[PDB]
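J.: If you're matching them up, the sequences are chains A, B, C, D, E and F in order.
Under the UniProt record's numbering, read the first sequence as residues 2 to 72, 86 to 94, 117 to 261, first letter to last.
Under the UniProt record's numbering, read the second sequence as residues 51 to 102, 104 to 150, first letter to last.
Under the UniProt record's numbering, read the third sequence as residues 71 to 118, 129 to 179, 191 to 348, first letter to last.
Per the UniProt record's numbering, the very first residue in the fourth sequence carries number 418; after that it's consecutive.
Per the UniProt record's numbering, the very first residue in the fifth sequence carries number 4; after that it's consecutive.
Per the UniProt record's numbering, the very first residue in the sixth sequence carries number 11; after that it's consecutive.
The beta-carbon is built from N, C-alpha and C at its ideal position, and this holds for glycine as well.
Handing you a structure now.
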Amino acid sequence: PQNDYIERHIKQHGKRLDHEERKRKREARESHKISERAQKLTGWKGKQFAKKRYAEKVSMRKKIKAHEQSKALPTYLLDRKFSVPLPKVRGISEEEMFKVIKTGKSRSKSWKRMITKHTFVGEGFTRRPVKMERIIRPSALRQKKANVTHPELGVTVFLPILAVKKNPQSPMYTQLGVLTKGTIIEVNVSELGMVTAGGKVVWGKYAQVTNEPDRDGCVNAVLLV
Amino acid sequence: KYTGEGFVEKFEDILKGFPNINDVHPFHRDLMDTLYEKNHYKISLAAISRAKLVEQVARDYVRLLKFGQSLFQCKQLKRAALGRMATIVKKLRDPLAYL
Amino acid sequence: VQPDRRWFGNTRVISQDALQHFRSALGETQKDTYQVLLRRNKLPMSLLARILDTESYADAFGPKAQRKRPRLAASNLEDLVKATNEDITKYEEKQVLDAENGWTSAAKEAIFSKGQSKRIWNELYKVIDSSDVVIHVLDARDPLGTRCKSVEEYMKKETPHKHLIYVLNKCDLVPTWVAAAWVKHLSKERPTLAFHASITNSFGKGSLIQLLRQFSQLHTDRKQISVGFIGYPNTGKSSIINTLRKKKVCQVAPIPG
Amino acid sequence: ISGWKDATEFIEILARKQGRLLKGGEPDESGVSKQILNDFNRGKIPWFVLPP
Amino acid sequence: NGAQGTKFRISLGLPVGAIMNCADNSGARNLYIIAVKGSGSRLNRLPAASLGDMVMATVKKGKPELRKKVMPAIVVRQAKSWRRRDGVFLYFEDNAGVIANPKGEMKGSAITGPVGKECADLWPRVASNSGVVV
Amino acid sequence: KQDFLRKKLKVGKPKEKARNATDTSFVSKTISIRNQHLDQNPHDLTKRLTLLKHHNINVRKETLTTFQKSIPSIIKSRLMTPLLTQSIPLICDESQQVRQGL
RNA sequence: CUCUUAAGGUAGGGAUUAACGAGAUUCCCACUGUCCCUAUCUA
RNA sequence: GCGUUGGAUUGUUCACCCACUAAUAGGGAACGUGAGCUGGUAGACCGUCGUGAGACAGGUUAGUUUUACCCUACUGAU
Ligand SMILES: Nc1nc2c(ncn2[C@@H]2O[C@H](COP(=O)(O)OP(=O)(O)OP(=O)(O)O)[C@@H](O)[C@H]2O)c(=O)[nH]1
Ligand SMILES: [Mg+2]
């Protein structure tokens, strides 16, 4: 202890008698043992071994490439229909959206429908009484913010959702606020500092969701400029 | 849940085992500051503390998994949770090398 | 979803002067809890160095370590002496301030964690989400003990459209001046009625009725208004409801749960 | 009662008064304390905290 | 560890959930709680031991400063029928309890009544604090 | 069932607000609580005055007794003629107790 | 938009509240083969 | 190959808590409709709804399946 004591020890006495020969022989046998591990290591270990070996091959290829290589529009027009980026999305059945819920001791009444997918309810939601509610939009499947990307600027932002204007499946779903793929939403954009001609600040814009958030907790979307 | 618990066990072993560079003694504090750059030290340990996020991901995705209506949906949610954990840890490459 | 020139356009616009006046009036309004906005759904509420760039975790410490001298350097060499003595004194002070041998303390009984449960808090959040108004029942013996501030913070951040009033209960057990003092202390922030629950001999019933029908008159479009009862155990929620209805509607017992 | 010291003595006084004692002469401190703690909360014993 | 000698076998009298006597004037009167050190692990079986065995315990009757507090210490009397490897079966009037730290050192400084021969031979500080052996 | 639409041009009427104009106008009503009269005030017998109409009978009896005891400090004041105005009609009251107290 | 709300505690003594029950429930003493951990005897 | 515990908690446990321990690892053969033994319809009450009969967003309480002597398997015995 107290400092680099083994470095001192190696300076004073020195490593072993049988250290350099054995290291040379390990480096020599590694060529055999690499192939031995390839023809062996059944399963996940062999898969990972192959992945590592492929990545190592690519690294050395790029290194040698770097070695051997190290040995009309203007600037402003470079870098440059009204169709949304997702028309014709997969169609959702009413069965795949609504789950049946049964009420009573002997459960015999169903009349209740739970929406299985992620939802946007609003700002003043305030659940209905149980005897009067039929549509159930559970609290975990309730989104307030989305992950909206501007195609330009290569930038994304975690913006608060303002509304749902168009879910392409059965405009009932728009009023329920179902955020399925291809759904069009109004999001706030005051964080970006956008302003129209006249000096009026823009604080709302349309965006289209690109993912199926029933499979991912994320609601990812693309701005419609 | 097991994947979350593993990461937070590991991170807790880092946080509790390492000393608090403040709160020790001024001599040891100043010595370890001139050795390890107190700012870098505290910043790395704060990065690990805030990553210990993983709990949030586990809780959120479990509570989402309660409503899974199919094997594919549940599988994709599991994959999503573990992938976000992996992203968080991938963003911890340099502090662990320092530590 | 068909193409349209109406996508890709600004859907929601506002001028700076109106925006700032709207900010000021609502900053005035929503600091006062006795005030309340009427519609709340048609309204826009949404309108309301780092050293690692220089040092790379590797030039600081490691085999590379391009760092010989500090920047945390005091000049006038006596200054670090003045510092070290101050630091040693502060250290010794903290030692005696906060001031093991192979014995332990017994386990906490599992009954003390009975208010805390996934099952109960699910019911709590269900009740809140179903409620338009939330009454917070306090014991006049120990209101600050029975307050539950975290739920109020959640209601602030999550759900500003709910109303969150206080009800001191069991005011018959304490003198009148203690009740008046607590009501004065708490009316600064939240309306805070006082109450005594009994089917026969009550207090505050008409005041609470008046307040609830006020909230009803405000929520004229909802077709009904739900009022949740939050608080510690054994505060008198069931007894307050039984007092309003004037018969035994909810089970009651001196035992908590 | 009256005029006690030493809550341990308080309990034994109250137990000797109520006849609340065990097979022998040990006064049941546990059950008497349970009753005292039920009374305290239920409001048989008046108590209150002062505000600022 | 802490004890001087081997794990020797004498019959078991004191399962978990057994209130036994303390007669020293450290302040305690009784010892209850769970644990026995060097106990096996078998389905449905109680941890019960003696042979100057160390056990976890609380004061059920005594001073509040040490009530509510788990502590290790050692059996000195049992009242079950134990066999000496030198002849006869032995047994005491009662169970007895008393208090220590994990190294075998006592919180109290003297013992009342007899203490077991094998318990004193296994635990030195018990033999120093005991005036009466058997 | 369109995503965008106009009512019509509607000659004669006010034109319209376009589609996106934000409306920053609102109203904020203020809540009003009762006072509950928890703190003693000099005007306290003026509140017990009206308990002579209380549907309960012991209330009225005890109120008359309180006003009986508080006579010398209120005999020359702005409360005595309303006291008598509000208590005289208890001559036609349903209770011997209240009539005796009066 | 406005103001009255008389389901106002009459008092700060306002609620400390029987007996009975093959009724539903928790805890304590005593007691034990319920249990460690099974053994034996009788018809 | 051999072991992988004892307990507290039903205002509940799709679990957690403190101890002992060498350790207190995960799973299957049931739950890919439904299968040992044990907890979790008829009467009555409160709540929501219903003009009502009654139903339920509920909650509480009480509440009778009963082999093998047959073949096979298994265990022992001629
Ligand atoms: N003196 C007095 N006692 C009260 C008052 N209100 C309630 N109590 C008593 O407090 C006891 C327990 O309070 P609860 O009525 O059950 O209040 P709670 O715990 O919120 O009711 P639950 O929701 O059923 O748990 C009851 O048995 C009542 O006897 C009050 O205003 N004054
Ligand atoms: Mg209660």
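By a C-beta neighbour count over all protein chains shown, 10 Å radius and 16 as the cutoff for buried, is residue 120 of chain B buried or exposed?
T.: exposed
J.: Would the region 69-78 of chain E count as touching the region 96-104 of chain E if we require 3 or more Cβ pairs under 8 Å?
T.: yes
J.: Just the Cα atoms here: how many angstroms apart are residue 105 of chain B and residue 250 of chain A?
T.: 20 Å
J.: Just reading off the beta strand (DSSP E) that residue 59 of chain A is part of, what are its end residues?
T.: Taken as a continuous stretch (DSSP letters only), residue 59 of chain A belongs to no beta strand (DSSP E), being part of the alpha helix (DSSP H) at 45-71.
J.: I'd like the span of the beta strand (DSSP E) that includes residue 239 of chain A, first residue to last.
T.: 237-245
J.: Just confirm the distance between the C-beta atoms of residue 225 of chain C and residue 290 of chain C, as a whole number of angstroms; I'd bet it's less than 8 Å.
T.: Not quite, the Cβ-Cβ distance comes to about 24 Å (not below 8 Å), so this is no contact.
J.: For the region 56-65 of chain E against the region 35-45 of chain E, do three or more pairs of beta-carbon atoms, one drawn from each stretch, fall closer than 8 Å, so that the two count as touching?
T.: yes
J.: With DSSP as the reference, identify every bridge partner of residue 252 of chain C, one or two as the case may be.
T.: According to DSSP, residue pairing for residue 252 of chain C in a beta bridge does not occur.
J.: Which residues in chain B sit within 9 Å of residue 220 of chain C, going by Cβ to Cβ distance?
T.: Correct list: empty, because the minimum Cβ distance to chain B is about 15 Å.
J.: With a threshold of 9 Å between beta-carbons, can residue 427 of chain D be considered close to chain C, or not?
T.: Not an interface residue.
J.: Less than 9 Å between the C-beta atoms of residue 152 of chain A and residue 118 of chain B, yes or no?
T.: Cβ distance < 9 Å, so residue 152 of chain A and residue 118 of chain B count as in contact.
J.: List the residues of chain A whose Cβ lies closer than 9 Å to the Cβ of residue 223 of chain C, in chain order.
T.: 162
J.: Rounded to whole angstroms, what's the CA-CA distance from residue 342 of chain C to residue 295 of chain C? Just pull it up for me.
T.: 21 Å
J.: Residue 282 of chain C CB to nearest chain F CB: under 9 Å?
T.: yes
J.: Pull the bridge partners of residue 85 of chain E from the DSSP assignment, please.
T.: E/93
J.: Among A/37, A/122, A/54, whose alpha-carbon lies nearest the alpha-carbon of residue 245 of chain A?
T.: A/122
J.: Going by Cα to Cα distance, which pick from F/53, F/111, F/14, F/11 is closest to residue 67 of chain F?
T.: F/111
J.: Looking at residue 130 of chain E and residue 137 of chain E, is the spacing between their C-beta atoms short of 9 Å?
T.: no
J.: Whose C-beta lies closer than 7 Å to the C-beta of residue 242 of chain C among residues of the same chain, with five residues either side of it excluded?
T.: 321
J.: Can you check whether the CB of residue 240 of chain A is closer than 9 Å to the CB of residue 224 of chain A?
T.: yes
J.: Figure out for me which residue from A/242, A/143, A/234, A/252 has the closest Cα to the Cα of residue 86 of chain C.
T.: A/234
J.: Step through the CB atoms of chain C and report whether any lies within less than 9 Å of the CB of residue 99 of chain B.
T.: no
J.: In chain order, what residues of the same chain have a beta carbon less than 8 Å from the beta carbon of residue 222 of chain C, not counting five sequence neighbours either side?
T.: These residues qualify, in order along the chain: 253, 317, 318, 319.
J.: Can you tell me which of the three DSSP states residue 18 of chain E falls into?
T.: strand
J.: At the level of alpha carbons, what is the spacing between residue 102 of chain F and residue 293 of chain C?
T.: Rounded to the nearest angstrom, the two C-alpha atoms are 29 Å apart.
J.: Which residues in chain A have a C-beta closer than 8 Å to the C-beta of residue 20 of chain F? List them in chain order.
T.: Here the premise fails: no neighbours, minimum Cβ distance about 24 Å.
J.: Tell me whether residue 322 of chain C sits in a helix, a strand or coil according to DSSP, three-state version.
T.: strand
J.: I need the DSSP call for residue 202 of chain A, collapsed to helix, strand or coil.
T.: Three-state result, residue 202 of chain A: strand.
J.: Note down the Cα distance separating residue 90 of chain F from residue 207 of chain C, rounded to an integer number of angstroms.
T.: 59 Å
J.: Is residue 261 of chain A buried or exposed, if buried means 16 or more other CB atoms sit within 10 Å of its CB?
T.: exposed
J.: On the CB-based measure, 16 or more other CB atoms within 10 Å of its CB, does residue 77 of chain C come out buried or exposed?
T.: Taking all protein chains shown into account, residue 77 of chain C has 16 or more neighbouring C-beta atoms within 10 Å of its C-beta and is therefore buried.
J.: Taking just the CA atoms, how far does residue 91 of chain B sit from residue 347 of chain C?
T.: 50 Å
J.: Taking one C-beta from the region 80-98 of chain E and one from the region 12-25 of chain E each time, how about it: are there three or more such pairs within less than 8 Å?
T.: The region 80-98 of chain E, when compared against the region 12-25 of chain E, does touch it at the 8 Å Cβ threshold.
J.: Which residue from A/230, A/2, A/206 puts its Cα closest to that of residue 129 of chain A?
T.: A/206
J.: Please identify the residue among C/197, C/90, C/108, C/170 whose C-alpha is closest to the C-alpha of residue 73 of chain B.
T.: C/170
J.: Classify residue 342 of chain C as helix, strand or coil using the three-state DSSP reduction.
T.: coil
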